[PDB]
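Protein chains in written order, with this note's numbering: chain B, 3 to 758; chain E, 8 to 114; chain D, 2 to 387; chain S, 2 to 316.
By construction, the Cβ of each residue, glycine as well, lies at the ideal position given by its N, Cα and C atoms.
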Amino acid sequence: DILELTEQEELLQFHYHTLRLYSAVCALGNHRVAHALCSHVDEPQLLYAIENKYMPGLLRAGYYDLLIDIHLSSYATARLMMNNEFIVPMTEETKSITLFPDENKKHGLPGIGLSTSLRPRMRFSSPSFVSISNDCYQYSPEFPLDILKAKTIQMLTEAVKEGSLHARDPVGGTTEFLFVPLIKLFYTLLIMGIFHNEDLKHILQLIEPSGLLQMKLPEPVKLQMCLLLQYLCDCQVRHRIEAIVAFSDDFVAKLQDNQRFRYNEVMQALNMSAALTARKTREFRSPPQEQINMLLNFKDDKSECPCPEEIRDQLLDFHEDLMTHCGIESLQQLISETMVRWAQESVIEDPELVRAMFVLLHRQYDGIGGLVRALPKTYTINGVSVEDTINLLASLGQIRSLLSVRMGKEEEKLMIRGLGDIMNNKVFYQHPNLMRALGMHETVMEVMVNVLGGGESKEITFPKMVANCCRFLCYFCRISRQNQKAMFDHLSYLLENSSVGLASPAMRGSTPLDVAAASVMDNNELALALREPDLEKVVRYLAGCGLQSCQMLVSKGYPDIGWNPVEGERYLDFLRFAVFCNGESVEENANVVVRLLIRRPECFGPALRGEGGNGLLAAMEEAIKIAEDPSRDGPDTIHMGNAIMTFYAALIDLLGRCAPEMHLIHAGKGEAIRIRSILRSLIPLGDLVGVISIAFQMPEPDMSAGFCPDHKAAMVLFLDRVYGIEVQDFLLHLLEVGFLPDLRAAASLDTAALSX
Amino acid sequence: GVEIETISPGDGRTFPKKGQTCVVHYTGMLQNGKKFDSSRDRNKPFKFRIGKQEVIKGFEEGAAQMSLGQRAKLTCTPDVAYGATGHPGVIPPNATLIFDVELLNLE
Amino acid sequence: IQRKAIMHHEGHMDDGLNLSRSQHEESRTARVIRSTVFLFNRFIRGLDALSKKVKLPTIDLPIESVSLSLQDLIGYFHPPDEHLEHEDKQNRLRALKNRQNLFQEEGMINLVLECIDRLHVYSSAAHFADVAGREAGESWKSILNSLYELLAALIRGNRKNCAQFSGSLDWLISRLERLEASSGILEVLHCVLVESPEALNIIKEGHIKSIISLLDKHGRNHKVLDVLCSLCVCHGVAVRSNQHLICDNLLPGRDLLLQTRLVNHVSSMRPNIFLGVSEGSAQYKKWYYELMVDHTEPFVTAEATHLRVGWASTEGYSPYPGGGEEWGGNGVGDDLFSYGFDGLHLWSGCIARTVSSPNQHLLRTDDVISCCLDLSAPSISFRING
Amino acid sequence: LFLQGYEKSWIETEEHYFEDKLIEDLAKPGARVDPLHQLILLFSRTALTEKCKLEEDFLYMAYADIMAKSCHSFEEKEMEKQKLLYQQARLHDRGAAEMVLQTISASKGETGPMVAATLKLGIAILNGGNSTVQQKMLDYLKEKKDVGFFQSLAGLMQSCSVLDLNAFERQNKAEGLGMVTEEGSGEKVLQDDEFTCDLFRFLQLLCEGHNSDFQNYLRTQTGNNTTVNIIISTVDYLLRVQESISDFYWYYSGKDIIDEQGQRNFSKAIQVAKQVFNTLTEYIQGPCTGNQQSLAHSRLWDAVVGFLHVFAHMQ
């Protein structure tokens with residue numbers, strides 16, 4: 003008999019430890035092992051062990067924890083993860099809680115009412131082993147939640163009744179073994195979305211009546227009590243936010259038609275004057291966020307207030323109702339009283355319990371802090387995209403669970419699948435604000451840093467995971483205008499390890515350096531905020547790549563050229579995206595990059611800069627010779643001549659785009675003149691026209707991985723933005739030597755066109 | 008490898024056929040009597056289709072020889088139940104299974 | 002970077018030798034390191050000279066000295082008391098961390114490993130005695146235990162030590178089967194797995210299988226289960242591969258650990274009737290009775306309804322018939338002192354044997370059973386419905 | 002968008018007053034150890050726990066603000082002074098001075114919200130000429146000979162904030178054409194003026210009364226192995242902010258028109274320089290020959306020459 007282990011100290015301890023092992027082998031979201039453990043112990047033996055009054059106590063706690071871990075912990079953790087995200091639909095059920103009863107001498111009970119909020123769908127697969135090739139066995143084992151609910155309610159009643167009389171043999175031994183597992187099971191049950199209003203009333207009928215908070219309970223019991231009260235207040239804050247959104251729907255519905263009516267009235271009774279065009283510009287410009295900021299300010303005597311004063315009364319009434327529902331001027335009073343009483347009774351150990359108690363007391367006395375911290379995270383969507391948002395939330399929860407568990411092959415594959423799902427969820431396109439509020443980029447960045455941790459340059463564990471993460475981040479930064487700013491902070495980190503993923507022309511997208519370039523690209527504000535704690539780091543990386551041989555091509559079989567042109571191209575491309583935005587050259591960024599590049603001369607090509615190679619002409623001719631002679635390559639592959647040509651073209655393009663300006667400010671500024679003189683001393687003009695005049699062959703198709711006209715296009719851009727064409731002599735010379743053969747080769751085309 | 012030992016007759020007149028989702032009540036156990044699976048524990052029956060390749064062969068080819076309301080003991084063989092690899096975690100390799108299959112309803 | 006200092010005649014005005022007083026704690030710690038490494042090198046030289054071949058016994062083998070040194074070093078690395086002032090406990094923790102770092106950065110863990118290897122080259126205390134002597138053969142066990150305790154204490158609290166020496170886990174788990182220092186090796190493994198997450202990345206399936214074999218050989222020890230829990234979850238994160246390996250190699254056959262079941266309570270009823278045989282006065286050695294059933298559910302709550310009938314013997318001519326103790330799953334026929342029948346099988350010694358009969362079935366409702374018993378030549382017998 | 006605006010400018014506009022009553026009914030010994038004393042001991046143990054980086058500790062960041070906001074024609078002035086002293090006694094007899102010292106020492110000289118909150122708490126606990134808390138802090142720093150607190154103060158003073166012109170020029174260039182956000186967050190030019198003034202006001206309150214012992218301890222930490230001159234760090238930061246203001250004047254030298262952003266940056270720089278000057282005055286006040294010689298044998302003269310120049314020209 004299992005109850006006979008009360009006297010046997012060896013078997014009792016061994017079974018307690020084997021229950022702890024059963025719990026720990028499937029504690030996290032590992033369901034393949036729980037699907038075996040359920041039958042390894044039993045289905046109903048868990049109920050019998052949690053119900054039996056005669057238990058050693060160690061076995062009781064073990065069986066309680068085992069039940070929690072193998073039947074409820076997965077969905078409990080999912081709810082705890084997606085508990086601070088207040089995603090609301092726009093259905094008519096949301097507009098049913100606009101009253102949030104606080105008036106007429108009532109406050110209501112926490113957890114009673116309507117949820118109408120986006121929550122993860124719960125489901126538990128049926129444990130069956132005769133069924134060969136089960137579908138996924140991924141959700142959880144099935145358990146009789148209603149029977150467990152009734153059992154735990156009646157057992158909690160019996161337990162509080164027994165503890166009220168202070169018996170000399172509580173269930174399982176000490177009052178700790180009596181209460182802690184039972185209240186933990188009740189807490190996780192209340193968390194996992196059961197105990198509807200009818201049962202929650204009876205549950206409150208043993209802690210509320212003015213009970214369980216009045217007894218002399220030990221520390222691990224009052225800790226679970228504090229967690230329970232914290233959840234009881236979290237659901238109250240959630241109800242507050244739901245009511246806020248419910249009222250806000252109708253309020254903005256009225257305000258939008260009011261402002262449209264006032265705009266139509268202005269359009270009708272225009273009465274053309276000087277201020278009419280100013281009001282028109284104010285209506286056209288001042289995007290909706292600034293418009294809302296202007297139309298919502300009336301707390302003082304008089305300020306910028308629009309015509310609809312009638313809705314101001316409704317807004318003030320709703321705000322007063324909100325403030326009197328909050329902690330400012332009975333659940334909060336009871337919680338604060340219990341906390342101060344527990345603190346005054348005796349000196350309390352367990353600093354975790356002390357911290358929980360004090361944060362609960364602080365949030366009860368504050369009240370508005372929860373709102374000001376949770377309203378930035380709340381978001382209302384629609385009554386049509388509820389299923390898409392549910393799928394998105396499920397995928398995000400799966401990604402978070404994989405982030406919690408360790409990284410492996412299966413975990414990497416599941417994370418890649420989840421990234422694909424959240425990219426194709428069709429809501430990422432529509433609501434980027436919701437993505438930024440959920441913090442998907444933060445979780446993906448944490449996954450990326452966890453993958454990159456362990457090795458700097460020796461080996462990157464779990465490849466292609468950082469790739470999928472970087473691609474997701476690139477797309478997230480691309481479809482936005484402020485998420486680029488939200489990601490700009492992580493740029494300072496990812497620029498440190500941006501060396502990974504390079505030297506491999508298979509991922510022109512996913513790369514940390516490429517996601518940096520995507521965050522900086524097409525944003526003048528971000529390009530200006532990009533100061534120089536990291537431009538010098540990028541220049542140091544460029545110098546290292548131009549000095550060393552990257553130690554990656556010698557293993558593939560390349561002839562080990564004394565410089566790396568595959569990483570230099572990427573570094574120069576990032577510098578170009580950072581220095582040239584929206585068609586204009588950022589002055590300070592261009593100046594500082596020119597300073598760094600002239601202070602470190604090895605960033606340029608060895609055949610162009612230095613006491614060795616003559617210049618860009620001979621450099622590119624040697625590159626073409628190497629591209630033509632296959633004896634200097636690696637036996638999809640990296641053409642070394644094409645790589646050198648693209649590196650030099652990217653360097654020339656970067657210099658041309660970091661040129662001061664189109665002479666607008668250069669006609670009056672001396673620093674621009676000095677920068678232009680430095681660029682001219684770096685790159686001569688005869689060099690430029692000689693490299694322009696190559697007369698590339700025009701083909702029976704050929705390969706586009708050789709000398710492409712993009713190089714000469716970059717050369718023309720540099721000549722236009724640095725030297726320019728102003729004298730008839732040089733204009734005609736360039737037209738005769740470089741432009742005429744290329745124009746003739748482009749005109750010599752009838753049907754076979756493969757090089758656009 | 009599949010057999011059947013009648014524990015309680017089930018009138019021997021109504022038999023399952025291909026294309027039906029039969030309702031079953033079984034309690035499995037290993038060769039040494041150690042129970043590894045059951046259906047009366049979770050208080051719910053087991054609805055499975057015959058000839059759809061969803062349950063093990065030792066179960067379906069043994070249930071196809073029973074009657075409505077009949078109780079039988081179905082013995083298996085590793086090569087007909089799980090093979091030389093077994094079920095990872097619960098069933099050991101080369102394990103002879105024994106099921107107390109009670110037929111509930113025919114659909 | 003190694004700028005080798007050279008004493009030259011000229012010298013330059015850029016030396017600038019500033020001083021740092023080398024706090025007494027660190028100074029004493031370093032002197033202890035020096036004394037311990039000297040004594041351990043002496044012991045290693047002696048043990049190697051004894052092990053490579055037979056040699057003269059006029060060597061330095063300070064058995065009691067190294068025993069006392071280990072007993073002092075264990076107390077030196079002893080953790081502070083939990084029932085102490087908080088600030089003093091934190092100061093003692095910082096001092097212990099500093100001592101562990103200074104011992105690690107001077108190559109002491111590898112020295113302890115070499116000593117453990119040179120002590121493990123011998124098989125038993127009797128095998129070591131005839132090579133080293135009576136006192137050494139008697140104290141070899143204590144020296145090995147103290148060495149393993151010191152190795153565990155050197156890495157109990159620190160994290161860098163485990164993250165550095167974790168490469169020796171293969172040697173640790175291979176020596177785990179020495180049948181002598183299993184407790185010490187298991188404690189070292191647990192304390193290196195509970196802190197360093199890098200150690201869990203080098204634990205392959207072979208190591209887990211060897212740990213489970215240790216659990217299968219040395220018996221039921223909760224330290225093995227704690228090590229397995231640490232392997233499953235290190236720091237708030239799970240290792241799916243290790244969890245699957247544990248679930249696959251620990252409970253496939255259910256013989257490694259205890260099992261549980263939920264059985265029914267059975268009771269044994271009987272009339273006040275006793276049947277015994279002897280020479281002389283007998284009771285005709287022939288009896289018979291009948292049996293009917295009114296209502297019997299096949300499954301009351303969760304399992305098969307236990308229902309057997311038969312004849313049970315006693316302990317000679319005394320009450321309290323066969324059975325394990327009471328109240329168990331032992332009805333009739335579940336032991337050698339009882340013989341029962343349930344409708345389809347025969348129970349004698351908790352081993353059911355199947356039988357053949359027209360319309361064979363369990364003891365369902367409206368079933369007429371008849372039990373007869375001849376005592377001398379034949380045995381009991383049953384007839385169902387005639 | 003309406004909900005975002007409501008969260009931004011409708012709720013957090015000072016709609017509650019509960020710090021005083023909270024501190025009161027937390028210090029009330031309902032009956033041992035008071036709840037406030039237990040909380041202070043918890044924070045002290047957390048700050049004394051050996052770590053490598055000071056954690057965020059939202060609990061501490063939320064309770065230090067409460068304990069700091071709880072604090073704060075002759076008879077009414079004396080009575081309000083007595084009430085301030087009573088509140089400081091109530092929330093410092095439980096070891097809050099030691100808590101602030103430990104929280105400052107357990108930051109390694111890293112500017113953060115924890116350090117900002119603990120500096121605000123130190124200010125609210127040393128407001129006025131409170132000598133009891135100063136003596137408690139000095140006795141603690143003498144009984145626990147630690148250089149961590151002093152080197153953390155030195156690092157904070159060395160890397161708190163300095164006015165820069167490049168960020169201001171970039172902000173002007175951005176606001177010249179970009180109207181997408183108008184850059185309402187006027188930052189990155191003077192990072193944490195609030196934190197800098199709070200640190201220097203904490204130092205000023207540490208040297209508020211003419212404590213010769215504390216004024217000499219802030220210069221030469223006798224009894225410790227290594228000493229750092231807080232006076233020299235302060236005069237170096239004064240020189241830095243003087244150079245910054247001089248460069249800002251050289252920028253705004255010629256146009257004779259000061260926009261709102263320039264006016265706000267100038268006001269912040271003036272406030273920071275005024276707080277630094279007040280800290281120096283509290284350092285040198287009284288016949289403190291040591292600090293007088295320390296300030297006379299430094300670059301304070303170059304700093305004050307530059308200050309006189311910018312004063313004349315800007316006025």
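Item to complete: Measure how close the beta-carbons of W312 (chain D) and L374 (chain D) come, nearest whole angstrom, since I'm counting them as under 8 Å.
Response: The residue given as residue 312 (chain D) occupies position 311 in the third sequence. The residue given as residue 374 (chain D) occupies position 373 in the third sequence. Going by Cβ atoms, the distance from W312 (chain D) to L374 (chain D) rounds to 6 Å, so yes, they are a contact pair.
Discussion item. Count Cβ pairs between the stretch 102-115 of chain D and the stretch 35-48 of chain D that sit closer than 8 Å; are there 3 or more?
Written reply: Because the criterion of three Cβ pairs below 8 Å is met, the stretch 102-115 of chain D and the stretch 35-48 of chain D touch.
Discussion item. If we define contact as Cβ-Cβ less than 8 Å, is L49 (chain S) a contact residue for chain D?
Written reply: Working through the fourth sequence from its first residue, we reach residue 49 (chain S) at position 48. Interface criterion met: the Cβ of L49 (chain S) is under 8 Å from a Cβ in chain D.
Fill in: Host alpha helix (DSSP H) of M100 (chain S) (start-end)
Here residue 100 (chain S) refers to the residue found at position 99 of the fourth sequence. Note, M100 (chain S): alpha helix (DSSP H), 97-106.
Worksheet item: In whole angstroms, what separates the C-alpha of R419 (chain B) from that of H433 (chain B)?
Response: Your numbering for residue 419 (chain B) matches position 417 in the first sequence. Your numbering for residue 433 (chain B) matches position 431 in the first sequence. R419 (chain B) and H433 (chain B) have their C-alpha atoms some 21 Å from each other.
Discussion item. Quick check for students: name the residue ranges of the alpha helix (DSSP H) that lie wholly in the stretch 540-591 of chain B, counting only runs of 4 or more.
Written reply: Listed in chain order, they are 555-558, 567-581.
Discussion item. Tell me the rounded alpha-carbon separation between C547 (chain B) and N566 (chain B).
Written reply: Here residue 547 (chain B) corresponds to residue number 545 of the first sequence, with the count starting at 1. Here residue 566 (chain B) corresponds to residue number 564 of the first sequence, with the count starting at 1. C-alpha separation (whole angstroms): 5 Å.
Practice prompt. Give the DSSP-derived three-state secondary structure of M664 (chain B) in the structure shown.
Written response: As a first step, residue 664 (chain B) is located in the first sequence; it is residue number 662 there, counting from the start. DSSP places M664 (chain B) outside both helix and strand once states are collapsed to three, so it counts as coil.
Discussion item. Cutting at 6 Å between CB atoms, please list the residues of its own chain near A155 (chain S), excluding the five before and the five after it.
Written reply: Within the fourth sequence, the letter at position 154 stands for residue 155 (chain S). These residues qualify, in order along the chain: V229, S234.
Worksheet item: Are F201 (chain S) and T280 (chain S) close, meaning C-beta to C-beta below 8 Å?
Response: Counting from 1 along the fourth sequence, the entry for residue 201 (chain S) is found at position 200. Counting from 1 along the fourth sequence, the entry for residue 280 (chain S) is found at position 279. Closer than 8 Å, so yes.
Worksheet item: Which two residues bound the contiguous alpha helix (DSSP H) that contains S45 (chain E)?
Response: Locating residue 45 (chain E) in the second sequence gives position 38, where the first residue counts as 1. Taken as a continuous stretch (DSSP letters only), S45 (chain E) belongs to no alpha helix (DSSP H), being part of the beta strand (DSSP E) at 42-45.
Worksheet item: Does any C-beta atom of chain S lie closer than 8 Å to the C-beta of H236 (chain D)?
Response: Counting from 1 along the third sequence, the entry for residue 236 (chain D) is found at position 235. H236 (chain D) does not count as touching chain S.
Discussion item. Any beta carbon from chain S within less than 8 Å of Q105 (chain D)'s own beta carbon?
Written reply: On the third sequence, residue 105 (chain D) is found 104 positions in, with the first residue counted as 1. No, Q105 (chain D) lies away from the interface with chain S (no Cβ there is under 8 Å from its Cβ).
Worksheet item: Counting Cβ pairs closer than 8 Å, one from the stretch 742-756 of chain B and one from the stretch 56-72 of chain E, do we hit at least three?
Response: Taking 8 Å as the limit for Cβ pairs, the verdict is that the stretch 56-72 of chain E does not touch the stretch 742-756 of chain B.
Worksheet item: How should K54 (chain S) be labelled, buried or exposed, when 16 other C-beta atoms within 10 angstroms of its C-beta is the threshold for buried?
Response: Along the fourth sequence, read from residue 1 onward, the residue named residue 54 (chain S) stands at position 53. The residue is exposed, with fewer than 16 neighbouring Cβ atoms inside 10 Å.
Discussion item. Once DSSP output is grouped into helix, strand and coil, what is the label at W312 (chain D)?
Written reply: As a first step, residue 312 (chain D) is located in the third sequence; it is residue number 311 there, counting from the start. Note: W312 (chain D) maps to strand in three-state DSSP.
Worksheet entry | Supposed close pair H32 (chain E), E114 (chain E) - CB separation, criterion 8 Å | As a working note, residue 32 (chain E) is residue 25 in the second sequence. As a working note, residue 114 (chain E) is residue 107 in the second sequence. The pair is not a contact, with the Cβ atoms about 14 Å apart (cut-off 8 Å).
Discussion item. Check whether the stretch 200-212 of chain D and the stretch 165-182 of chain D touch, using three or more Cβ-Cβ pairs below 8 Å as the test.
Written reply: The answer is yes - the stretch 165-182 of chain D touches the stretch 200-212 of chain D, with three or more Cβ pairs under 8 Å.
Practice prompt. With DSSP as the reference, label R510 (chain B) as helix, strand or coil.
Written response: Position 508 of the first sequence holds residue 510 (chain B). Collapsing the DSSP output to three states places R510 (chain B) in coil.
Worksheet item: Which residues of chain B have a Cβ atom closer than 8 Å to the Cβ of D48 (chain E), listed in chain order?
Response: Here residue 48 (chain E) is taken as the residue at index 41 of the second sequence, counted from 1. For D48 (chain E), the C-beta contacts it makes with chain B under 8 Å involve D44, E45, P46, in order along the chain.
Worksheet item: Going by C-alpha distance, which of D:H362, D:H13, D:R157, D:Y149 is nearest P81 (chain D)?
Response: The sequence position of residue 81 (chain D) within the third sequence is 80, counting from 1. Out of D:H362, D:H13, D:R157, D:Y149, D:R157 has the C-alpha closest to the C-alpha of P81 (chain D).
Discussion item. Please classify residue 389 (chain D) as buried or exposed, where buried requires at least 16 other C-beta atoms within 10 Å of its C-beta.
Written reply: This structure leaves residue 389 (chain D) out entirely; chain D is present only between 2 and 387.
Fill in: Three-way DSSP call (helix, strand, coil) for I385 (chain D) in this model
Locating residue 385 (chain D) in the third sequence gives position 384, where the first residue counts as 1. Strand, per DSSP.
Worksheet item: Which bits of chain B does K174 (chain S) rub up against, with CB to CB less than 7 Å?
Response: On the fourth sequence, residue 174 (chain S) is found 173 positions in, with the first residue counted as 1. For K174 (chain S), the chain B residues whose Cβ falls inside 7 Å of its Cβ are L530, in order along the chain.
Worksheet entry | Through-space distance from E347 (chain B) to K218 (chain B), alpha-carbon basis | Taking the first residue of the first sequence as 1, we reach residue 218 (chain B) at position 216. Taking the first residue of the first sequence as 1, we reach residue 347 (chain B) at position 345. C-alpha of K218 (chain B) to C-alpha of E347 (chain B): approximately 10 Å in a straight line.
Fill in: Positions along the stretch 2-27 of chain S whose CB lies within less than 8 Å of some CB in chain B
Result list: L2, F3, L4, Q5, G6, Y7, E8, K9, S10, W11, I12, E13, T14, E16, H17, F19, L23, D26, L27.
Worksheet item: Between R34 (chain B) and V27 (chain B), what straight-line distance do the alpha-carbon atoms span, to the nearest angstrom?
Response: Taking the first sequence and counting its residues from 1, one reaches residue 34 (chain B) at position 32. Taking the first sequence and counting its residues from 1, one reaches residue 27 (chain B) at position 25. Computed Cα separation, rounded: 11 Å.
Fill in: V374 (chain B) versus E13 (chain S): straight-line alpha-carbon distance, rounded
If you number the first sequence from 1, residue 374 (chain B) lands on position 372. If you number the fourth sequence from 1, residue 13 (chain S) lands on position 12. A straight-line Cα-Cα distance of about 7 Å links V374 (chain B) and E13 (chain S).
Fill in: Residues near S153 (chain S) in its chain [Cβ-Cβ closer than 7 Å; skip 5 each side]
Your numbering for residue 153 (chain S) matches position 152 in the fourth sequence. The answer, listed in chain order, is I105, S106, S108, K109, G110.
Item to complete: Could you pull out every residue in the same chain whose Cβ sits closer than 7 Å to the Cβ of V267 (chain D), ignoring the five residues on either side in sequence?
Response: By 1-based counting over the third sequence, the position of residue 267 (chain D) is 266. So the list reads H307, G330, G332, once near-sequence residues are dropped.
Discussion item. Please state the DSSP three-state secondary structure of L598 (chain B).
Written reply: Taking the first residue of the first sequence as 1, we reach residue 598 (chain B) at position 596. Here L598 (chain B) carries a helix assignment [DSSP, helix/strand/coil].
Worksheet entry | beta strand (DSSP E) segment containing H17 (chain B), residue limits | Within the first sequence, residue 17 (chain B) is the residue found at index 15, counting from 1. Per DSSP, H17 (chain B) lies in no beta strand (DSSP E) segment; the continuous alpha helix (DSSP H) that holds it begins and ends at 11-26.
Worksheet item: Are the Cβ atoms of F197 (chain B) and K151 (chain B) separated by less than 8 Å?
Response: Within the first sequence, the letter at position 195 stands for residue 197 (chain B). Within the first sequence, the letter at position 149 stands for residue 151 (chain B). Cβ distance < 8 Å, so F197 (chain B) and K151 (chain B) count as in contact.
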